[PDB]
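One structure is given below, encoded as structure tokens.
Protein chains: 2
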Amino acid sequence: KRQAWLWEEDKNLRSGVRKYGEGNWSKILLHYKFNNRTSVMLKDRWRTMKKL
Amino acid sequence: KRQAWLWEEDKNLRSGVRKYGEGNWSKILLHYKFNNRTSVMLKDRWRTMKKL
DNA sequence: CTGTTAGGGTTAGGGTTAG
DNA sequence: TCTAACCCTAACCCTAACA
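The listed protein sequences derive, respectively, from chains B and A.
Counted from 1, the first sequence has number 401 at position 23 by the deposited numbering; the numbering is strictly sequential.
Counted from 1, the second sequence has number 409 at position 31 by the deposited numbering; the numbering is strictly sequential.
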């Protein structure tokens, strides 16, 4: 089921990119809580954040 | 302008869903004739067909 | 086979008309 | 007034090219 990205997931993604680096989606996924997301979904959300 | 759906288009759409499955709009659009429609239009028609 | 990421392609679903 | 047809676009998928 399609799930909009919540504020806390967005925060974790940004924290993850600052610490682990842009592109290291799998590593980011392993260090923070996300709502049943895969590393591809993180990559995609990052692209959307840039667009917004 | 606006274009209501003819019985032929509906037949193809339903045949398409059976053969390719619901949600595979672009593949369906590629294998049957439709009145200048996009994959999104097929998806919207299916929704209405379900709502009727 | 399990898993990875970049990037183009596609779909879900709530909102917007046309008539 | 009502609603099927159409729009917007974030979210998600497919594929290449590897490890």
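The C-beta atom is built at its ideal place from N, Cα and C for all residues, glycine as well.
Member of the options whose CA lies at the smallest distance from the CA of residue i
i: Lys411/B; options: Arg380/B, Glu387/B and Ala382/B; result: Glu387/B
i: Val418/B; options: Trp403/B, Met427/B and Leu430/B; result: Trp403/B
i: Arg396/B; options: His409/B, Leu384/B and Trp385/B; result: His409/B
i: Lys421/A; options: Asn413/A, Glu400/A and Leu430/A; result: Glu400/A
i: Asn390/B; options: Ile406/B, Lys429/B and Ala382/B; result: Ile406/B
Rounded C-alpha distance that separates residue i from residue j
i: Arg425/B; j: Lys379/B; result: 20 Å
i: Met427/A; j: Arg392/A; result: 10 Å
i: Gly394/B; j: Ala382/B; result: 19 Å
i: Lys429/B; j: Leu384/B; result: 17 Å
i: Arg423/B; j: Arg423/A; result: 29 Å
Assigned exposure category for residue i - 16 Cβ within 10 Å defines buried
i: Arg415/B; result: buried
Extent of the continuous alpha helix (DSSP H) run through residue i
i: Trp424/A; result: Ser417 to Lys428
i: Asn390/A; result: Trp385 to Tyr398
i: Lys405/A; result: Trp403 to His409
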